[PDB]
Structures are given as structure tokens and as C-alpha cells.
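Right, one structure below, let's go through it.
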Amino acid sequence: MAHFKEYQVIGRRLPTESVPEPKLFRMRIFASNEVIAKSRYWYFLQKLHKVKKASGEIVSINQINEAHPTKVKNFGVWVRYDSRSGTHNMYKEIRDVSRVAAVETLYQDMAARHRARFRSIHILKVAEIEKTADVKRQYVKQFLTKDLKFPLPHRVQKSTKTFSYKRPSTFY
Amino acid sequence: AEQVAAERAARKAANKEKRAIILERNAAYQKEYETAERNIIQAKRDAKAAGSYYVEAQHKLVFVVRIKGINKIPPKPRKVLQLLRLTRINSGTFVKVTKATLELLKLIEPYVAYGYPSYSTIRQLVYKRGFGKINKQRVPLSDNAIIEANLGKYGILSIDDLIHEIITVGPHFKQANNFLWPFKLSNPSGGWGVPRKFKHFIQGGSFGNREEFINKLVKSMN
Amino acid sequence: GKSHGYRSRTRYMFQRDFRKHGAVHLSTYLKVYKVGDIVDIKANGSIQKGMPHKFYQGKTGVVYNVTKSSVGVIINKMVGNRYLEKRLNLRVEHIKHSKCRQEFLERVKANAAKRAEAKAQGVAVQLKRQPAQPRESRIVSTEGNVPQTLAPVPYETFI
Amino acid sequence: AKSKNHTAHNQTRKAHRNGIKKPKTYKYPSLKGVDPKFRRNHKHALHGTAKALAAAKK
Amino acid sequence: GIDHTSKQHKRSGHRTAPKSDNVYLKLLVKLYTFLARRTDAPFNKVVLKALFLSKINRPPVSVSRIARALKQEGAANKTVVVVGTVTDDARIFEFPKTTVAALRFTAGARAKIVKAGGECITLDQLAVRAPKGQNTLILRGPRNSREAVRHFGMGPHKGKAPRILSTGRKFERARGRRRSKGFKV
Amino acid sequence: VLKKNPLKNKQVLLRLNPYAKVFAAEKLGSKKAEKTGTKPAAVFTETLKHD
RNA sequence: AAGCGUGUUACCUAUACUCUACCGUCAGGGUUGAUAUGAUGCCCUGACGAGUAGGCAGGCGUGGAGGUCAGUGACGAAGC
RNA sequence: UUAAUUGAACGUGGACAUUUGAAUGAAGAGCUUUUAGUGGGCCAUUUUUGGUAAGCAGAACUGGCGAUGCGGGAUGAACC
RNA sequence: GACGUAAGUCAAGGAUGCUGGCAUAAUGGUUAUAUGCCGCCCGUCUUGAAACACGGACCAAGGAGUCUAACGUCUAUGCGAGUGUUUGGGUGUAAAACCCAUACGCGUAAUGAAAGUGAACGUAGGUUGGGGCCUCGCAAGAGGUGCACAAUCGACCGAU
RNA sequence: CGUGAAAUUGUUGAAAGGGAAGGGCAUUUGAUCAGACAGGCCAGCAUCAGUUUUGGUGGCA
Ligand SMILES: [Mg+2]
Ligand SMILES: [Mg+2]
Ligand SMILES: [Mg+2]
Ligand SMILES: [Mg+2]
Ligand SMILES: [Mg+2]
Ligand SMILES: [Mg+2]
Ligand SMILES: [Mg+2]
Ligand SMILES: [Mg+2]
Ligand SMILES: [Mg+2]
Ligand SMILES: [Mg+2]
Ligand SMILES: [Mg+2]
Ligand SMILES: [Mg+2]
Ligand SMILES: [Mg+2]
Ligand SMILES: [Mg+2]
Ligand SMILES: [Mg+2]
Ligand SMILES: [Mg+2]
Ligand SMILES: [Mg+2]
Ligand SMILES: [Mg+2]
Ligand SMILES: [Mg+2]
Ligand SMILES: [Mg+2]
Ligand SMILES: [Mg+2]
Ligand SMILES: [Mg+2]
Ligand SMILES: [Mg+2]
Ligand SMILES: [Mg+2]
Ligand SMILES: [Mg+2]
Ligand SMILES: [Mg+2]
């Protein structure tokens, strides 16, 4: 997962003589490549419709890119995941510029704060908050205040040498 | 003075004629590869322009590589690995996709990496690591007469005739594929890309169907 | 101690089916068996005479002998590291014709019918069966069939 | 002292080192077990079949 | 490591030479090795393999067995070839005039064949006059009529000969061999 | 006596495959495609950016 | 963090994989009108090589015996 | 055997061939004789019995160790 | 195979060309030591041994599947419906070698408890294969003959 | 009192030695040693062949 990529996977049941042209079901999948993408698609169609990969078909695999990959936007994401003793829904918020990179941050956040692996997480919905004050988290709301400005105290400079002759400072 | 000159010159007269026939087969194979790829590309474009989706034909050929050693293998998958001629680690064969052969691939699934080989990967594989089964011996191809003397009864007269039979799964794929000795690949030159090989490709390991990334993986071994 | 009688461990194997008890219907009494017929074995608990052993339930054999009320069946039994030939005298109640042979004989006629018309025209009639091939290319129209599906649903309890 | 009473462990690896094999069917199987009345008459039918072919072919 | 389907380094299980140290039989092997390699005649390959055979593997061939093979239609003028010993048979009173090639003739067999007007030759005279084995007739003697074969595969209900020193009553004609004494095999 | 590898050793590459000389000269490994500008229907694009 | 969870690469190294050489084994072969005179020889080709109990094969060594080297030796045999 | 060439079984003569009746592989296929050692087992995953349990006692399939070194688990018969 | 119109050349069925130093302890071998990393004591019984299991302080010499009667399989050799000279006899350069009559053993007949009887209807049978050989075919193949062997149905001998 | 082994020991010489010694791969050092001038020893460079590894860069889809 160098980056996540968002794909649409459109699939359908296999046509029969009695019911040709099935319903063409489509999902949006976050995966590292098109193999995991198609795999995750069938995993979720199991949860909804009476179909598996043998009795079904993948009609379209299209990668989706950001309409504007370079504007910082507030993302609201709903995640259903598995804890060690139950299943839990939660809604989080990530400030970033793309859906795929917020999902990258979100999977790092679940695994860091809840020890939930990619195996246990169900991305319910990734929705950009359209206008300010519908952002409900203080760790994102603190980044929307006007004329925001902060320093970076205690700069640590990585030397390329083992021995230095100056007793380096941490100013910035 | 013993008709040596006449049998000398007439052998190259035969050689030029067989070289000319092969040259005009490799020109016709090059055209149909280009014609087929462009027609598929326009198939996706013209279905997109008509509000439809172009469902690609399911792949008719895999290149299966045994990525697991020979110790501690259950009997039924072990017997299938012998029937697919994968007797050691990093060995590879082509398989023609049918529901009969698709069930072999499910049973050897934890032990092999497989997917769909491109023309480029088939060409480099046969040209570099291509060997014939000539009277139970393993003979490097290295010459069109080596292929002609063994597969000529199916029309396969040169190394591209053989490659054409592999990528386009023809009426004589089985005879042309059993003729090829199982490929003895190396370990991948950059590595496997994963810390642990013995998970599925989907889980982040190496085995299973990795449909189109087998081309990148096999070329590192080749 | 241990019990290993003839009809041991046959509690449900030799039971009649639910609401299929009573006298045997006359079709098994009118079936004609011939030497070479392929037959399946399924013991009828109602008929205790002429009755197979529990090993031969579900085994398929070949008729070698035809008797008054009974049939002789060749069956191969895996004993040790090889197969042995077993001759059984089974009454016709525990015998039905094997449907595997009946279906293959249809393809023997159909192959002849396809090959009779072969010499009129069309060499290479493709008489061998083939496995299921991979699907061919097709175009899927969205006319009345626009793709739409939701995401995974959230967790509820339903209790 | 006590010991292991029974195990079929290794008994399939032993049975497969020499290849469990079908009993090699022949043409004309043995007529053992065939009905005596049929076999008694089949002997007399085979005699006249050869006798008819003796006169015809010579 | 290789998942070996078959035993490695397995020998063919066939003789590539006679175990005999006969210097003259080695010349016959040397001549037919050349003949079986520089000709495509199947006869030269069959004879070469038969020259490796052990003593029980080339049973004696009677002149009566030779003569019966000459009652086949068109086989009268063929050269009978026996890779082994031709013995004599007094039970047969007429012998045809034919050419026989053998490794060995007994004195009675050579007398009977010659007295009939025929000829006895060695396998190298056969090679000179029939280099491809044209118009030949390979005859082999009965292998399983050996007394040792009677005891091969001994077991219950198999009807084989027991390995026994003294025969007669009191020697294995009791319990196990008749229903009046226990059981019958 | 020694397996000389094609995909290098151009001489062996020409012993096999006589078309390798035509392919090299005509630059068929870098062939230009034809500029056609068909565009997807409205249904495809609206399905792509659909949530 | 040099801890915990998760992601990406780079890197290290088995008697394992690829290539080559050498040894042996097995298998398939070539080779006689000079086999450039050793056909149990010479040579070509391919694959293979773990091992207790155990089986077989080819060899090394010791005492004595038949043959041979018209063998070695008080100008130094054997032994150490 | 049938009321009866009606059958049953075995046949004579005629027609049919590499897509000859699925896939894959085939390492040569089949057969025989003779004899060695062994007939204390144990461990891992999954199923499973008795038992609170056991580095316990007893079974099923498979893979191992025994019989086996090599790299890793610091170290270890069986784990990777 | 490639190039060259050809001549010929070439990176095309496995390293050649040019130059320098030394010509001996320089390289190499052996051995001692040092250094890096590794290395538990062998033999035995055992599921399991470095074991807090057993034998072993050391060294030399000695030290354990032999021979015989009868026999099974296989192999070599001689002869072959026979075969075995060596119990004996003859002979001798004298325990050797060489030569030999009648017997006898095994084989050439089986079966039954026995008294007894005792092996071709046939091209020593029929059918399915069967190597090799013959005929026709450029060959593939087809037909004929088919030893050994394999399966099966018969015929014959003895017992019942 | 022929020869006169080994265990074990004395002298001399060499070498190493902070709670054993011994051994395997490699090399340094010391000591010791075989062979060869009608090419033996160790190398440098160029152009190739085979197997790889690491870059720079070009044209396409
Ligand atoms: Mg690397
Ligand atoms: Mg019971
Ligand atoms: Mg009763
Ligand atoms: Mg026991
Ligand atoms: Mg970490
Ligand atoms: Mg070994
Ligand atoms: Mg051993
Ligand atoms: Mg001696
Ligand atoms: Mg001396
Ligand atoms: Mg014991
Ligand atoms: Mg043990
Ligand atoms: Mg540990
Ligand atoms: Mg370890
Ligand atoms: Mg595992
Ligand atoms: Mg030194
Ligand atoms: Mg040291
Ligand atoms: Mg250590
Ligand atoms: Mg113990
Ligand atoms: Mg020990
Ligand atoms: Mg003790
Ligand atoms: Mg002691
Ligand atoms: Mg001693
Ligand atoms: Mg003295
Ligand atoms: Mg001393
Ligand atoms: Mg101290
Ligand atoms: Mg180079």
C-alpha cells in the first residue's frame, strides 16, 4: 500500500436464460491494486446480495482520481470496525487533500489508537464536509481558525556525521 | 568431386526457403498481435462512448510458478504440483485455463504464484530459458530446426511459432506446451516485495492469483 | 468387549426412508438384469434375504451371473495395497441399474449420429467433450441498468 | 507395561509406495460362480458353434 | 530439492551383457551388437537381447518343437533360429529337411537334423547368410515347465506344488489337505 | 557447447527469428498509434464521479 | 524508542533458486570395409547426488597357495 | 429357456480410425522370484475420548522427528 | 547465421592479443603459532544422550557370522531325455593325473488310504492378445504365420 | 646381549599459555620443502563470450 487507490468496481450476477441483463451492482473500493480491489468487492457483495465470484462477474474496473488533488478539504469518514470483543461504528475527521490519502491516514489512525488492522475495518462512507461548522471535532476545528499561525520549536537537525564540533542548537 | 558441392549448395537453398517461410510467419504474427491489441483498446473506447462497458474475455492462459519448497506438502496438492510439472521451487509452466485446470490451481493455491503472462514475458521466457523435451532429454532450443524436428508435425517450425501457440492457446497447445521443459527460474532480482511470501497476494503475501503482476514478478526471476 | 458382527453399525444405513416403509413396489420385480449390466447397490432393510454387507452399500458393480431371484455382481475391493475381486449374490431388491452407463450410451449413439453426417461434410466434428471454457468478450448495456449500490452497512444489533 | 494398541498411521504411505492398483481385468473372465444349468448348456452350445465353423471354413 | 516422482539412479533392470565369461559368446555379442546398431532389422535386436539370457531364460528347444513350427503354412523353407540349445526328441519319427541355427546342438539333435537332409549352423553363419534375419523363425522353449515354477506362488486354494523332500502318504496329505482331517486348504 | 542468450547477443538473436532485423529497422517496438478522439457517454462519466 | 500498532522502500544472508566448472551415478546414443589397431575401449547428450536399521556394487589392506615378472636384495631384504 | 428363434450366452460375415470419443502428467509399462531389517514409537496442526488438569493416558487424516545436517527461533529431536 | 555483389570477413556450435616483473622460497605445499567466527565425548540401549544413563586411565599383541549334513531362489559351466568317472576296478612320474563295467540316485508319470488304474476326437484343440518372420506397400498401414508368455473354454489320465 | 615400536620418561632445541586442551574454514608470521628457462611463477591493459549487478539516456502505449 504505497498509496491507497480508489476504484469503482461494477459487477453483476451471471446472466441466465430466464433473467438476462442483471442489475449491475457497483461499489467504491480503497485498495493498493486492482487485485485487492476486485477481492474486496466480492467480500462486500457477500454481505448484501446472494452472489459469489463464481456466480458473478466483474464488468468494469476503473480507477478514480481526485477532481482536485491539491486543495485542502475537511473529510468526514464513517468506519465500522471489529474490536477484540465487539463491532463498533465511529465517525472520524481527517484534514487532507485527497480521499485516498485521508484513508491512508485513517487506517494509520485505527491501527494506532484502536489496534484495528486493515483486516477488521469497513469503510462505511468518506464524505467531505461541504461547509465549515459542520466539523464536529476539535482536532480539525482548531485548524480552521482565521489567520492561523504557529511556530515549530526545538528543531532537531539530522547530522550526516557521527562527530560534530559545535554543540548544535535547536533554534528555528 | 563426390557431388559434395551439389549437396552443399542445395542445403542452403533449403535453408533460405525455410528462413523465408519463417520470416513471413513472424511478419504475420507481429501484425495480428498489433491488430488484436488495438481492437481490444477500441473495444473499451467504443463501449465507453456508447454508455456501455466492454467486458474483457476471460484470460485463457496462466504462468504458474512454484514458490514453495518440497518439504511438508499434503498429498493431494503435492500430486497436482507433479501433474503441473512443478517439481522444485521457482519452477514454472504454462496452463490452459479451463474449469478442469482451474480446480488444479485452487488446490496448489498456497504453494504457487500465478497470473496472466503477457507476450513480452512469454517471449523473454522462451528465448532465455526455453528448453525442449527431446527423447526424455532437456535440450536448449537455440535453433528453429530443434523445434522443427519435434513440433513440425503440428506446423510449429520456429521459436515464434512455438510462442504463438503459447500466447494464443491453439489447437496444439498441449503438445507444444509439454514439449517445453518446465522453466527453471531464478530467485527474484529485487526480491518478492513482501516480508512474508506464504500469504495470499491479496493478504499481502505472494501466493495465489496475482493476475497481471505475475509479469513483473516472473521477469525478475527470468 | 468389541462387537464386529455382520450387520453392525447399520442403524441408519439399513433404515427405510421416511414414509417409504412397507412392501416393495413391483418395478424392482420387473427389471431385467443381464451379464455385463452396471448396477448400484442399496440394501433394502425390508428384504433380509439375499442382502449385501454394509461395505457394499453405495458400491457400483458389474453383473456376472443371473440367477432365479438374484444377481451376481463383480466388485473391486481395496484390501491392503491392492484391489481384490469380490463376487456377491444379491437379490434384485438391493440392486438398481446404474444410470452412469445409460447416459454414456446416449453419447455413443450421438457420436455415431454426428459421425454419420461427417462424411457428407464437415471434417473434425469435435466428438470429444471439452471442459468449461473461459467466458468470451461481451458488451454490457446500461439501458435501464445504470449501476448503483450502497456501501457496507453499519453495525446494528437486531436483538 | 503398556503400549500403543492400534494406529493406522503410516499405513497409507506404505500402501502407496507400491501403488494401489486395479486387479488387471482380462477378456474372458473366469466362469466361476456362474449358474450350473447355464454353464452346462453353454458347453454344448460352444461345441456345435466350433463344429459349424469347422464345416464352413475347413 | 526436487519432489522426485520416481526413484533416482534406477538401473534399467535388464542385462546389457551376458554374465557368462565365455570368450566365444562374447564374440557373438560383439557381432550382433554391431549388427543391431548398423541395421534397422528387428531380428538383430531380438537375438542380441536373447544372447544375454540366463540358462533358465533359454529353455531347450526340441527338434519336435522345431518340426511343429514347420507345419505352419509357408514356414517350411524358413531358417529356424534358436538362441539356446536344440535337444533331440525320439517321440517324432519324421523330420523335414530344414536349416537350423542355434547356439548349441546336442549330438542327438545334430544327428537327426542332418540325417533328414538339413543343416546345422551357428549364429555367426546365420549372420553372414541372413544379415537382416530374412526368412528366419525364432523359436523359444517353454519357460514355465520348469519344476521350480511349480512351487512359485504357494498358498491356500492356489493349487501349487509344496516344497517337499519325501513324497507319498504321511507327507502332507492330512489336516489342511482333506475335509476329514480339519479343513481342505 | 554454451547457451548464448537471445535478448542479448544480436547474432544469436538473428539466427533465431529473421524478422528481428525488420522489427529493428522499422522501429515496431515504438509504433505510433492513431489519434482518435471518441469521448465516453454521459452515463460513464457520471457513474465514475458518483459517490 | 532501540517500545506498541500500521504503511512504504532500501539493505543483510542458507548446504535453498539461477548459471558455469569438476567428480560420481543413472538413462539415451555414436563408433568396424584401419573402429586412426585396447568395443569390459574411446566419445556425444540429458538428468540426478540427504540418510539410521538394512541390501547390493566397485575397490584398499593381511597370512598362505598355483603361475609369471630369467622381479628386488649383504654395493643392504624385512622391520622400525 | 420360451406357447412359439422368444430369448440368453458365445460367435461367422459386413461398416467406422487420430478430436477414437473430457483435462493434465507419464518419471518407461506390466510381471516374477528371492531375501534383509522392522513388528517399544514419539511430536506438530485440525477432529476427538477419559480426566480438574498434566511435558497425562487413548484414537482419525496429514505432515514430521526417529533416520537429518544447513539458515532462523539466544539456547532446544519434532516449530519456521 | 550476419555483413559483403562476390572475394572474404565477423562478437555466428566455450579467450584471444599485447606488455611487464621474477625465475626463486616470490607463488605454492606442509607444519608451528596468532586472529575472526564456529566446534559438548566417543561407543551403546533408546521416542529422546553432552547428559546428574552405561563401558572406556593409557599403550602393544590377541579378539567375535565359521565349518559341516540336508536344502530354497538366483547365477555360471558341462552334457542333455538323460545325467552323475573318483563305492569300487584299472593305471600312475603315486594321496595327484588319466581310464572303466555293472549297479544305484535323481529325471523321463500321474493318482488313490488302498486294491488298483494310468495320459491325442482334432494340424496335441478353440478364442483373445503376442515378439519376430513372410507378402504387398516410398513410407504409414493392411493381410498371413504366429515361439515363449497371459487369460479363458474344451479334450485326455487318476481319485470321487 | 638380533631388531628394538607404543604407552610412559630425562636432556636439548623451538613455540604458545589471564578458570582445560584438542578441532573446522581462511589468512598473517616463523621454520621447512618439491618443481622449472631448450615457457615455469605473479601480474597489467585491450577486444570478446557466458552469468550478473549498478547507473545515464531515447522512443512509444
Ligand atoms: Mg540486489
Ligand atoms: Mg455393533
Ligand atoms: Mg433365514
Ligand atoms: Mg506395539
Ligand atoms: Mg514499527
Ligand atoms: Mg548419498
Ligand atoms: Mg546402514
Ligand atoms: Mg600373502
Ligand atoms: Mg632397509
Ligand atoms: Mg522389540
Ligand atoms: Mg531407534
Ligand atoms: Mg526463544
Ligand atoms: Mg536452531
Ligand atoms: Mg506453515
Ligand atoms: Mg605458512
Ligand atoms: Mg587457531
Ligand atoms: Mg560456540
Ligand atoms: Mg528411557
Ligand atoms: Mg551417546
Ligand atoms: Mg545397563
Ligand atoms: Mg567406569
Ligand atoms: Mg590386532
Ligand atoms: Mg637390543
Ligand atoms: Mg614415546
Ligand atoms: Mg588461573
Ligand atoms: Mg562482457
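Quick note on labels: first sequence line is chain A, next is B, and so on, each numbered from 1.
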From CA spacing to verdict: side-chain hydrogen bond (donor to acceptor under 3.5 Å, both in side chains), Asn90(B), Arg66(B)
CA-CA 5 Å; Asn90(B) 294 340; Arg66(B) 170 172 191 157; over 6 Å; no
Kindly say whether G8(I) and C3(I) qualify as a Watson-Crick or G-U pair under the rule that both distances are below 3.5 angstrom.
yes
Quick check with a 6.0 Å cut-off and a 45 degree axis cone: is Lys68(B) positioned over the face of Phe198(B)'s six-membered ring?
yes
Base of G80(I), side chain of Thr87(E) - is there a donor-acceptor contact under 3.5 Å?
no
Is it the case that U45(G) (base atoms only) and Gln137(B) (side chain only) share a donor and an acceptor within less than 3.5 Å, ignoring hydrogens and angles?
yes
Could you tell me how far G38(G) sits from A57(G) if I compare only their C1' atoms? Round to whole Å.
25 Å
So, under a plain 3.5 Å distance rule, would you say the side chain of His42(D) forms a donor-acceptor pair with the base of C10(H)?
no
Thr87(E), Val82(E), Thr85(E) screened by side chain to side chain contact (heavy atoms under 4.5 Å, CB included) with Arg104(E), the one that passes:
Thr85(E)
Is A7(J) base-paired with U45(H), counting Watson-Crick or G-U wobble geometry with both distances under 3.5 Å?
no
Tell me whether the side-chain N/O atoms of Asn178(B) come closer than 4.0 Å to OP1 or OP2 in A26(H).
yes
Classify the sugar of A65(G) as north or south, using the sign of the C1'-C2'-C3'-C4' torsion: positive means north, negative means south.
north
North or south sugar for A51(I) (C1'-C2'-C3'-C4' positive means north):
south
Please determine whether a side-chain nitrogen or oxygen atom of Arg178(E) lies at a distance below 4.0 Å from atom OP1 or OP2 of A113(I).
yes
Is there a Watson-Crick or G-U wobble pair between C41(I) and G56(I), both distances under 3.5 angstrom?
yes
Distance below 4.0 Å between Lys72(B) side-chain N/O and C80(H) OP1 or OP2:
yes
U53(J) sugar pucker (north/south) via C1'-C2'-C3'-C4':
north
Presence of donor-acceptor pair under 3.5 Å, side chain of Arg115(C) and base of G21(H):
yes
Spacing between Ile66(E) atom CD1 and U123(I) atom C1', to the nearest angstrom:
18 Å
Euclidean distance, atom CZ of residue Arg129(C) to atom P of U19(H) [Å, nearest integer]:
17 Å
P gap between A44(H) and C31(H), integer Å:
41 Å
Base pairing of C65(H) with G41(H) (Watson-Crick or G-U, both distances under 3.5 Å)
yes
Could you check whether any side-chain heavy atom of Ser54(E) comes within less than 4.5 Å of a side-chain heavy atom of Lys19(E), counting everything from C-beta outward?
no
Ignoring hydrogens and angles, does a donor from either the side chain of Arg104(E) or the base of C79(I) sit under 3.5 Å from an acceptor on the other?
no
Could you tell me whether the phosphate oxygens of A148(I), OP1 or OP2, come under 4.0 Å of any side-chain nitrogen or oxygen in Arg65(E)?
yes
Between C70(H) atom P and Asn71(B) atom CG, what is the distance in whole Å?
15 Å
Using Watson-Crick (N1 to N3, and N6-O4 or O6-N4) or G-U wobble (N1-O2, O6-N3) distances under 3.5 Å, do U31(G) and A39(G) pair?
no
What does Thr7(D) touch in the nucleic acid at a heavy-atom separation under 4.0 angstrom: a base, only the sugar-phosphate, or nothing?
sugar-phosphate
Would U9(I) and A2(I) qualify as a Watson-Crick or G-U pair, given that each of the two distances needs to be less than 3.5 Å?
yes
Any side-chain N or O of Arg88(B) below 4.0 angstrom from OP1/OP2 of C48(G)?
yes
How far, in whole Å, is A29(H) from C43(H) if one measures between their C1' atoms?
40 Å
I need the NE2-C1' distance between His6(D) and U49(H), as an integer number of Å.
15 Å
Decide between north and south for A27(H), the convention being positive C1'-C2'-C3'-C4' for north and negative for south.
south
Who pairs with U25(G) - Watson-Crick or G-U, where each distance is under 3.5 Å:
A47(G)
N/O (side chain, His9(D)) to phosphate O (OP1/OP2, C42(H)) under 4.0 Å
no
Could you tell me whether the side chain of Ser30(F) has a donor or acceptor atom within less than 3.5 Å of a complementary atom in the base of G59(J)?
yes
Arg15(F)/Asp143(B) salt bridge by N-O under 4.0 Å criterion
no
Can you tell me if the side-chain N/O atoms of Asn9(F) get under 4.0 Å from OP1 or OP2 in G1(I)?
no
Is the base of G137(I) stacked on the base of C138(I), in that the six-ring centres lie under 5.5 Å apart and the planes are under 30° off?
no
Return yes if the base of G1(I) and the side-chain atoms of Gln11(F) contain a donor-acceptor N/O pair under 3.5 Å, otherwise no.
yes
Classify the ring geometry of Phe118(A) against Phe4(A): parallel below 30°, tilted from 30° to 60°, perpendicular beyond 60°.
parallel
Classified sugar conformation, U29(J), by whichever sign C1'-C2'-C3'-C4' takes
north
I'd like to know if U29(J) and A32(I) make a pair - Watson-Crick or G-U wobble, with both distances under 3.5 Å.
yes
Could one point to a donor on the side chain of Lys32(F) or the base of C60(J) with an acceptor on the other under 3.5 Å away?
no
Does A8(H) have OP1 or OP2 sitting under 4.0 Å from an N or O in the side chain of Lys34(C)?
yes
Once you apply a heavy-atom cut-off of 4.0 Å, does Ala50(D) come out as touching a base, just sugar-phosphate, or nothing?
nothing
Would a student be right to call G4(J) and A5(J) stacked, given the definition of ring centres under 5.5 angstrom and plane angle under 30°?
no
At under 4.0 Å, does any side-chain N or O of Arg119(A) touch on OP1 or OP2 of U6(G)?
no
Could you tell me the separation between the CD1 atom of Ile146(B) and the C1' atom of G13(I), rounded to a whole number of Å?
11 Å
Nearest of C74(I), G41(H), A70(I) to any side-chain atom of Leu165(E)?
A70(I)
Give me the distance, rounded to whole Å, that separates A12(I) from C37(J) when you measure between the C1' atoms they each carry.
40 Å
Pairing status of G84(I) with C104(I) is requested, where a pair means Watson-Crick or G-U wobble geometry with both distances under 3.5 Å.
yes
Expressed in whole Å, how much space separates the P atoms belonging to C104(I) and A113(I)?
29 Å
Do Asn222(B) and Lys128(B) have side chains that approach each other closer than 4.5 Å (heavy atoms only, starting at C-beta)?
yes
Proximity of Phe183(B) and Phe131(B) rings by center, below 6.0 Å
no
So, do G39(J) and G40(J) stack if we ask for centres under 5.5 Å and planes under 30°?
no
Between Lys37(D) and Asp35(D) (salt bridge meaning N to carboxylate O under 4.0 Å), is one present in this structure?
no
Of all heavy-atom pairs between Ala109(E) and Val86(E), which one has the smallest distance, and what is that distance?
CB-O, 3.3 Å
Any chance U27(I) and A101(I) qualify as a Watson-Crick or G-U wobble pair, both distances under 3.5 Å?
no
Would you kindly check whether a donor in the side chain of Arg68(E) faces an acceptor in the base of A124(I), or vice versa, at under 3.5 angstrom?
yes
Hey, is the side chain of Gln108(A) pairing donor to acceptor with the base of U6(G) inside 3.5 Å?
yes
Whether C156(I) and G130(I) form a base pair should be assessed as Watson-Crick or G-U wobble, both distances under 3.5 Å. Do they?
no
